[PDB]
């Protein structure tokens, strides 16, 4: 399957160029070699960003099997260094104490290994009450326990992302046929209240219209701040050109001119609110 990795690299290099990023052969090939045994059956997607994060393109391999510890694999191959910071111990704690059924890894095509993904199945979700007991959890989860309880989302953790490069964590809520994020989270009063409570930028008119199409949210937390770092609404659609947003030129190019067919496939779009403003994300699915 060495020639398979060669085609995949060639797709990664070109897709990077579509969004004005240059892939690093020296960073990406070790990752392809490290995960060669799980790439064929993985879901592979490319995620572009506006704002500061526009300087790299993320590549994600998801739906990786139970029995792969993707952080351990990255450590084993020297793709990321050992650390005593709790970020390095959280994955194992989450995998034991939340009903995780598959996983994933995430890398910048220029920057190298950045994140792991831990996925419960939609039929049985994770709980904030179990997260707050984990030795390596950010203190900010319990520090915002009021927020998760207020908005009725504490028992519907649907994905955990761990970013080793930034020392942040993402908690997703909602998705698939699982428990639903309450409707009030997506109505204007709710969007204003949430962003206000979290000290984030007041929602734009574009964000309000986008929120009407959303049923997945995720919260970004860190170990070094008691405050939620950002709040992101997500929308899944096979017609991203029809989203009620103005698309960045790089996003339009990724939709229209990727080196592969996404005919029919869903894209995943996000709008992140921070204390300074709104930044967008779009994921295109190469292998599904």
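Numbering follows the first chain given and starts at 1.
- Note on 226-234 vs 49-57: mean CA B-factor is higher in 49-57.
- The PDB entry records a higher mean C-alpha B factor for 255-263 than for its counterpart among 65-73 and 255-263.
- As recorded in the entry, 85 carries the highest CA temperature factor of 209, 85, 95, 115.
- In the PDB entry, the Cα temperature factor peaks, among 44, 221, 248, 40, at 40.
- Per the PDB record, residue ranking by Cα B-factor puts residue 81 in the middle third of the chain.
- The entry lists a Cα temperature factor for residue 148 that places it in the middle third of the chain's modelled residues.
- Per-chain ranking of the deposited C-alpha B factor places residue 103 in the lowest third.
- When the CA B factors of the chain's modelled residues are split into thirds, the value for residue 268 lands in the lowest one.
- In the PDB entry, residue 154 places in the middle third of its chain by CA B-factor.
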